[PDB]
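Peer 1: This is the structure alone, sequence omitted:
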Ligand SMILES: CCCCCCC/C=C/CCCCCC(=O)OC[C@@H](O)CO
Ligand SMILES: CCCCCCC/C=C\CCCCCC(=O)OC[C@@H](O)CO
Ligand SMILES: CCCCCCC/C=C\CCCCCC(=O)OC[C@@H](O)CO
Ligand SMILES: CCCCCCC/C=C\CCCCCC(=O)OC[C@H](O)CO
Ligand SMILES: CCCCCCC/C=C\CCCCCC(=O)OC[C@H](O)CO
Ligand SMILES: CCCCCCC/C=C\CCCCCC(=O)OC[C@H](O)CO
Ligand SMILES: CCCCCCC/C=C\CCCCCC(=O)OC[C@H](O)CO
Ligand SMILES: CCCCCCC/C=C\CCCCCC(=O)OC[C@H](O)CO
Ligand SMILES: CCCCCCC/C=C\CCCCCC(=O)OC[C@H](O)CO
Ligand SMILES: CCCCCCC/C=C\CCCCCC(=O)OC[C@H](O)CO
Ligand SMILES: CCCCCCC/C=C\CCCCCC(=O)OC[C@H](O)CO
Ligand SMILES: CCCCCCC/C=C\CCCCCC(=O)OC[C@H](O)CO
Ligand SMILES: CCCCCCC/C=C\CCCCCC(=O)OC[C@H](O)CO
Ligand SMILES: CCCCCCC/C=C\CCCCCC(=O)OC[C@H](O)CO
Ligand code: NA
C-alpha cells in the first residue's frame, strides 16, 4: 500500500506542517538576538545586551509554558485541527510584525503573537499525529520518530536560509522569510488536512459540559486578576523596569512546577523519586537552551567566521540530532536505567561548557578562535540530549499534571537561563563556562550516586 515511510499518508501533511513551522520559529531564533543588538547599537532599543540575552531566554520559557495549555483549549473548546490552523496564523502574523518597517516598538507584539500561536499549534500537531494511528498500531513509535525528523529538518535549514538572507538583505527581509515559511506550512496543512485528516478533529473531542464553563471562567479570571494585581503593585513600589518583569515571569515559570510538587507530595515514593530527575532535566535544558543565547554571543564575538553568516551555528543542534539518531537507535536495540541516562546526559552538557572554557584560557579572550570549538561544544551537549530527550516523557509517565511537568522542565530551564545568561560577558567568559560546566558535571555525578535508590522508587 501507498505510505509515507510506512506510515499513514496524513503523516506527510503533518511532517511538512511542522517542518515549515519549525523553519519559521528557528529562523527567528537564529537572528532575533543579533537583531536586538542591532536595535541597541542604533539607539532604537534602550536595554543592555545582557537584558537582550535575558529576553531570548524568557521568550523561550513562555513559549514552552504556552504549549502546556494548547492541548486543553483544542480538546475542550476549539478542536485540534483549528488550533493548529489559527495557531499558525498567529505565528505568521508574529513574523509579519517584525518584517514591517518598525523597530523596537514591534518586539513585544511579535513575541506575544508567537507565544500564543505556538502554544495553540505545537501540542496539537503532535496530537494529530497520534490520531493517524489506531490504539494498538505498532507503527506509532516509528511515525513520531519520522515526525521528529521533520522538526529537525526545519530547524536545520532555517538558520542557513534565513540567516543568509538577513546578512544579504536585512532583518526585515529575513523575518519576512520566516512568515512565508509559516504561510507555506499553512497552505500544505489546510489543503493536505482535508484530504487526509479525520474531520472528527475539526471539533473538540471533550467539549466543556454545561456546568464546566463557569468554573473555568472564574479560574481564568482570578488568574488574570491576580497577575494584573501583582503588576500594579510592582509599579507602585517602583519595580517596573524590564528586568523586573522578566523576574516576575521567571518566578511564575518556576513556581508552577514547585506548586505541583507540593500538591502531589502533600496529597508518594515515585513522586519523590522524580524531583532529582526533574532537576537534572531542568539543568540539562538550561545548558542546551543557552546554545541560542550564550553560544550565539560567543559565535558573534569570539569566533573567526569572516566567510559565513554567524547565525548558521544554530544549525548544529538539529544537525547533530539527525546525525546521532541512527547510532542511538541501533544502541537501544543492541543494548541502562533512566536515572543513569539523565546523569550522564547532564555530564555531557557539563563537558560541553567545560570545553568552551579552554580557548579563552589557552589563547586569551581578545582574539578569535576556530569555529570547531563550537562544533565540539554542540557535539557534546547533543550527545547528552540523545540520552535524556527520548526517555524524558517515558520516565515522567512511568512514575496528567505531572505528564506536563516533563514539558515544563525545558520552560523552567529557560527561566533559570533568563537569570544566568545576564552573567555572561567578554570579561566573565572563562569563569562562566568553567563554573557552570563543572557545576553540571558535579551534579551529574551526584545523580549517579542516587541512581539506585531512584531506580527502586
Ligand atoms: C561520540 C560523540 C563524538 C563528539 C565528540 C566531539 C568532542 C569535541 C572536542 C573539541 C574538538 C574541537 C577543538 C579543536 C579546535 O578547536 O581546532 C582548532 C584548529 O583547527 C584551528 O587552528
Ligand atoms: C540542587 C541544585 C539546584 C540547581 C540550581 C542551579 C544553579 C542556580 C544558581 C547558581 C547561580 C550562582 C552562579 C554565579 C557565578 O558564580 O557565576 C560565575 C561567573 O559568572 C563569574 O565567576
Ligand atoms: C560515559 C560516562 C562518562 C563519565 C565521565 C566522568 C567525569 C569525566 C570528567 C570529569 C572532568 C571534570 C573536571 C573539571 C575541571 O577540571 O575544571 C577545572 C576548572 O574548573 C578549575 O577552575
Ligand atoms: C480581513 C478579514 C479577516 C476576517 C477573519 C475571519 C477568517 C475566517 C475564515 C478564514 C478561512 C480559514 C478558516 C478555515 C479553518 O477554520 O481552519 C480550521 C481547519 O483546519 C479547517 O480544515
Ligand atoms: C501563557 C503565558 C503568557 C505570559 C505572557 C507574558 C510574557 C510576555 C513576554 C515574554 C517576555 C518578553 C519581555 C521582554 C519584551 O517583551 O521585549 C520588549 C522590548 O524589549 C521593548 O523594550
Ligand atoms: C498572508 C500572506 C503572508 C505572507 C508572509 C508575509 C511576507 C510578504 C511579503 C514580504 C515583504 C516584506 C519586505 C521587507 C522589507 O520591506 O524590507 C525592507 C528593507 O529593509 C528596505 O526596504
Ligand atoms: C489566559 C487568558 C486566555 C483565556 C482564554 C480561555 C477562555 C476561557 C473560557 C472560554 C469558555 C469556552 C467557550 C464556552 C463554550 O464553548 O460553551 C459551549 C459548551 O461546550 C456547551 O455548553
Ligand atoms: C481574556 C480572559 C478573561 C476572561 C474572559 C474570557 C471569557 C470569554 C468568553 C466567555 C463567554 C461565556 C461562554 C458561554 C458560551 O458562549 O456558550 C454558549 C453555549 O454554547 C450556548 O449554546
Ligand atoms: C494578561 C494581561 C496582563 C497585562 C499584559 C500581559 C503582559 C505580561 C507581562 C509583561 C512583561 C513584558 C513587559 C514589556 C515592557 O516593555 O516592559 C518594559 C517597561 O516598559 C520598562 O519601563
Ligand atoms: C502557580 C503559582 C504562581 C505564582 C506566581 C507568584 C508571583 C508573585 C510575586 C512576583 C513578584 C516579584 C517580581 C518583582 C521583582 O522581583 O522585582 C525585580 C527587581 O528587583 C526590580 O528591580
Ligand atoms: C548535512 C551536512 C552538511 C555539512 C554541515 C552543515 C553545516 C551547517 C552549519 C555549520 C555551522 C557553522 C560551522 C562552521 C564550521 O564548522 O567551519 C569549521 C572549519 O573547518 C573552520 O575553518
Ligand atoms: C565519551 C565521548 C567523548 C568524546 C571524546 C572526543 C573528545 C576528545 C578530546 C576533546 C578535547 C578537546 C580539546 C582539544 C584541544 O584543546 O586542542 C586545541 C588545539 O590547540 C587547537 O589547535
Ligand atoms: C571527553 C571530551 C571532553 C572534552 C572537554 C574537556 C574539558 C575539561 C577541562 C576543561 C576546563 C578548562 C578550564 C579552564 C580554566 O578555567 O582556566 C582558567 C584560566 O585561569 C583562564 O582564566
Ligand atoms: C582527576 C579527576 C578525579 C577523578 C574523577 C573520576 C571519578 C569517576 C567516577 C566516580 C563515580 C563514583 C561511583 C559511585 C556509583 O556509581 O555508585 C554506584 C551506583 O550504581 C550508584 O547509584
Ligand atoms: Na560571519
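Peer 2: Sure, I can see it. Numbers count the residues shown, from 1 in each chain. Ligands and ions are numbered 1, 2, ... in the order given.
Peer 1: Is residue 324 in contact with residue 380, as I believe?
Peer 2: No - taking contacts as CB atoms under 8 Å, residue 324 lies outside contact range of residue 380: 11.4 Å. Backbone N, C-alpha and C define where each C-beta goes, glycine included.
Peer 1: who has more neighbours, these two?
Peer 2: The neighbour count for residue 324 versus residue 380, taken as other CB atoms under 10 Å, is higher for residue 380 (22 against 16).
Peer 1: What about the closest residue to that one other than its chain neighbours, how many residues nearby?
Peer 2: Of all residues not flanking residue 380 in the chain, residue 352 sits nearest, at 3.7 Å (CB to CB, 6 or more residues apart in numbering). As a burial measure, residue 352 scores 27 neighbours (other CB under 10 Å).
Peer 1: Assumed residue 352 was part of a helix.
Peer 2: Yes - remark: residue 352 belongs to a helix, assigned using DSSP: H, G, I helix; E, B strand; the rest coil.
Peer 1: For the remainder of this discussion, apply numbering that starts at 53.
Peer 2: I'll keep to 53 as the first residue from here, and by that count the last item is residue 404.
Peer 1: I figured it was touching residue 427, is that so?
Peer 2: No - at 11.1 Å, residue 404 does not count as touching residue 427 under the criterion of CB under 8 Å.
Peer 1: Which strand or helix spans residue 417?
Peer 2: Secondary structure assignment for residue 417, by DSSP states H and E: no helix or strand.
Peer 1: In space, what's closest to it - neighbours in sequence excluded?
Peer 2: Once flanking residues are discounted, residue 417 sits nearest to residue 481: 5.4 Å by CB to CB, 6+ apart.
Peer 1: Tell me the spacing between the one you found and residue 475.
Peer 2: With the distance defined as CB to CB, to the nearest Å, residue 481 ends up 11 Å from residue 475.
Peer 1: Compare those two (neighbour count), which wins?
Peer 2: residue 481 (21 against 14).
Peer 1: Now for that one: which residues touch it?
Peer 2: Counting by CB atoms under 8 Å, 6 or more residues apart in numbering, residue 481 makes contact with 350, 354, 412, 417.
Peer 1: For the closest residue to residue 394 other than its chain neighbours, grab the count of nearby residues.
Peer 2: Leaving aside its chain neighbours, residue 394 sits nearest to residue 332 (4.4 Å; criterion: CB to CB, 6+ apart). Residues near residue 332, counting by other CB under 10 Å, number 26.
Peer 1: same deal with residue 302?
Peer 2: For residue 302, the count of nearby residues is 22 (other CB under 10 Å).
Peer 1: contacting residues around it?
Peer 2: Listed by CB under 8 Å, 6+ apart, the contact set of residue 302 reads 110, 113, 467-468, 470-471.
Peer 1: So which bits of the chain are right by ligand 14?
Peer 2: Taking CB under 6 Å from any ligand atom as the contact definition, the chain meets ligand 14 at 497, 500-501, 503-504.
Peer 1: Which members of these are positioned in helices?
Peer 2: Members of the residues of the chain next to ligand 14 lying in helices (criterion: DSSP state H): 497, 500-501, 503-504.
Peer 1: By neighbours, which of these wins?
Peer 2: residue 503 (19 neighbours).
Peer 1: surely that residue meets residue 392?
Peer 2: Yes - the criterion here is CB under 8 Å, and residue 503 meets it with residue 392 at 5.0 Å.
Peer 1: For this protein, give the residue positioned nearest to ligand 12.
Peer 2: Closest contact between the chain and ligand 12, by CB to the nearest ligand atom, is at residue 410 (5.2 Å).
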